[PDB]
Structures are given as structure tokens and as C-alpha cells.
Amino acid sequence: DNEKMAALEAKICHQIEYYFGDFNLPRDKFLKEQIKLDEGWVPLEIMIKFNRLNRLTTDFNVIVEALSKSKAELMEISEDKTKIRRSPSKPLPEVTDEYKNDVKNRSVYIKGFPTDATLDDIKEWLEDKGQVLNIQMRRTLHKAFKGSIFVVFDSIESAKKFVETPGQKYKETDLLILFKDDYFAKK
């Protein structure tokens, strides 16, 4: 029973840490704007507008409880517990040629998912393939899922090991896997 509460809390921490994480934050206009208002602090009242978090829970107390137990320890909770922020002690990394070169080399391309698959479907399928930091479902201008995605692993090592595996299939359907830069090379 309470194990499901732990499961819910782990999901809450992951979703919030994604929003304020190294991959997302630098390209999140709405969030970078909010962060400029009160020294990084963002009211839970605002955090609740984030769709994926909303679907997990809308309750402030549950969110605070979950974050206070987070292992990652990326987020800080205010004293009155009405707002949160990325720790000032965990600044965003400087984006150098080296950093970008490393991110590109940890990025993979995977084609072959059914057009109706959701982000949750894919996340679950990637659960046993290594540490993932970002999943980008490729869509058309009108936001229609093409069935192909880009995945960013925690390191070039886990990325390499994923691409090295030739017998991978989704719901018993073959998949085309390539390093992102290799996918572009062809295109």
C-alpha cells in the first residue's frame, strides 16, 4: 500500500527534476522566465500548471513530502513550503564545444514505434536499457507523432551499449536504432 505512495513520490521527484534539469531548463522559455522573478523560487501554485506533474498529483503537501525525500537532491523547498527552486549550489553547466560534443555523442535515434504510442509507453520500454536524460518524440508542425524518437543517455558509454544491441523490438515489432549524428549523416 504505502509502497504505491513511494512509487508516486519517486515519479513526482523525477518529473520535477526533469523540468529543472540540465537538458530541459536551458531551452525552457516559460521556466527560465519564472526563475527570474523570485531568485529561482517558483510557487507550487505555478508548478501545478505543468501537465505531467498535474497528472501525478495537484496536492502541495504530497509534492513537498516527495521532494524532501528525493535522492537526487536537486531541488530546494522554501521554509514556508509554498515554493521550490533548483539549488543555487547546483548551477547549470557551462555549454562549451566539449559539452555539446559530449551531448551529441550520447544521443540516439530510434525508428519504428506505433503512431499511437505515448511518452509513458516509451519511457517504460526504455526502463531496462540504461539511464535516459531526455526522450524527444518527433512530431510534425501540427504535432503529429511520426513514430521515431531521439534519446539522450547519461553517458556515451550507456549510449554505445544501447546501439551495440542488434536484437531490440517494441511490443514484438522490429526497431531501427542509430546514433543521432549517424541518422543525420544519411539524411
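Each form is matched to the other, and the largest set of C-alpha atoms that superpose within 1.5 Å is called the rigid core. One rule holds for the numbers: they count along the sequence shown, beginning at 1.
Student: To spell it out: superpose each other structure in 5 other deposited structures of this protein onto this one by the rigid core, compute Cα RMS over structures and residues for 169-177 and for 11-19. Which is larger?
Tutor: So, of the two stretches, the farther one in 5 other deposited structures of this protein is 169-177.
Student: What stretch shows more C-alpha movement in 5 other deposited structures of this protein relative to this form, 56-64 or 136-144, after the core is superposed?
Tutor: With the rigid core fitted, 136-144 is the stretch that strays more in 5 other deposited structures of this protein.
Student: Averaging only over Cα atoms, indicate whether 52-60 or 134-142 has the higher B-factor in the PDB entry.
Tutor: According to the entry, 134-142 carries the higher average C-alpha B-factor.
Student: If you average the CA temperature factors over each stretch, which comes out higher, 71-79 or 87-95?
Tutor: Stretch with the greater average CA B-factor: 71-79.
Student: Out of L25, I16, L175, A10, which shows the largest CA B-factor listed in the entry?
Tutor: Among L25, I16, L175, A10, the PDB entry lists the largest C-alpha B-factor for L175.
Student: Could you say which of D38, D128, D120, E33 has its CA atom at the highest B factor, as listed in the PDB entry?
Tutor: Of the candidates given, the C-alpha B-factor peaks at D128.
Student: Hey, what third does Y170 fall into on Cα B-factor, ranked over its chain?
Tutor: For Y170, whose C-alpha B-factor we compare with every modelled residue in the chain, the answer is the highest third.
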